Amino acid sequence: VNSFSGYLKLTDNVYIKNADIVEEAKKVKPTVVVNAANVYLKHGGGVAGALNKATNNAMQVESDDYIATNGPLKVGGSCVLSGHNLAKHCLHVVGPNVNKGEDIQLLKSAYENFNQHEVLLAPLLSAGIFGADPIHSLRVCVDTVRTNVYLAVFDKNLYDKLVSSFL
Ligand SMILES: Cc1oc(C(N)=O)cc1S(=O)(=O)Nc1ccc(Br)c(C#N)c1
């Protein structure tokens, strides 16, 4: 038994809730929150900017030190950093950004990073301002992640569309 509440069961291991991932992280303080990162860990907008804002920019400060030491991530890759006030850890995962010309096949590789963690709070990857179809992202998630994933979908009209079209 874990502390996630109000989620709809999608599979044996995938759950989905119409909620704001930041407000969810603040309430649950999960072991792992996933950030929809870019390879530079530049948290301007989307989930990244919202998570970073909720950390009072501490996420960005830590991220800049990480990049200065290690260089950029790979598209499809990840790194584990602090969760600051939101979670024990933040798993920064780089899903391909369609609008930037990044290959969509890399979405499966991105979701494979989730399998290194028993339980995660996560957004959908590669959707929103990353430019790919959210129904597709949910399908890849369900077909790739084997650990327990709690998906927070803030967009009300999208949440309903994802549930109603889920096979
Ligand atoms: C409001 C919304 O729209 C879509 C869509 N395909 O239009 C997804 C979402 S989300 O907020 O619920 N989760 C989410 C996940 C990842 C990213 Br990156 C963003 C952004 N930026 C948002």
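Residues numbered from 1 in each chain as written, not as in the entry; some residues may be left out. Heavy atoms only, no water.

Student: Help me understand the site of the ligand in this model?
Tutor: Neighbouring the ligand are 14 residues; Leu124, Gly128, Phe130, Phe154 and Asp155 lie closest to it. Measuring from a nitrogen atom of the ligand, one finds a backbone N or O atom of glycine 128 at 2.8 Å. Here an oxygen atom of the ligand and a backbone polar atom of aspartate 155 are 3.2 Å apart. Computed on the free molecule, the ligand has an accessible area of 510 Å², of which 78% lies beneath the protein chains in the complex. In terms of residue class, the shell around the ligand is built from eleven nonpolar, two polar and one charged. (Near = heavy atom within 4 Å. Polar contact = N/O pair within 3.5 Å; in protein donor to acceptor, adjacent residues only side chain to side chain. Areas by Shrake-Rupley, 256 points an atom, 1.4 Å probe, with all protein chains shown as cover. Nonpolar A, V, L, I, M, F, W, Y, C, P; charged D, E, K, R; others polar.)

Student: What exactly am I supposed to notice about the pattern of salt bridges here?
Tutor: A pair can form between side chains of opposite charge whenever their charged atoms are brought close. A full pass over the atoms with the stated rule returns four salt bridges. Notably, a salt bridge pairs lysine 26 with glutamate 23, separated by 3.4 Å at the nearest N-O pair. Remark: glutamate 23 and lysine 26 occur in helix α1 (residues 21-28); sequence separation between them is three residues, near one turn of the helix. Here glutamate 23 falls in the partly exposed class, since its relative accessible area comes to 43%. (Salt bridge = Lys/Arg side-chain N within 4 Å of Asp/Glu carboxyl O. Helix = DSSP H or I, 4+ residues; strand = E, 2+ residues; numbered from the N terminus. Buried < 20%, exposed > 50% of the residue type's maximum accessible area, 1.4 Å probe, protein only.)

Student: Which parts of the structure should I look at to understand the state of the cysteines?
Tutor: Here, the word disulfide means a covalent bond between the sulfur atoms of two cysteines. Per the counting criterion, the structure on display carries zero disulfides. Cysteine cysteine 90 shares no disulfide, and the gap to the nearest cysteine sulfur, in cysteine 79, comes to 7.9 Å. Counting only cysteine sulfurs, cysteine 90 is the nearest neighbor of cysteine 141, a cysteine outside any disulfide, at a range of 16 Å. (Disulfide = S-S within 2.5 Å.)

Student: For this particular structure, what's the right way to read unusual backbone geometry?
Tutor: Both trends apply: most residues other than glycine have a negative phi, and most peptide bonds are in trans. With a phi close to 55°, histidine 84 is a non-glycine residue in the positive phi region. You can see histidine 84 is positioned in the loop between β4 (78-82) and β5 (89-93). Judged by its relative accessible area of 25%, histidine 84 is partly exposed. The phi dihedral of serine 126 is positive, around 70°, even though this residue is not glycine. The residue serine 126 is located in the loop between β6 (119-122) and α5 (134-144) in this model.

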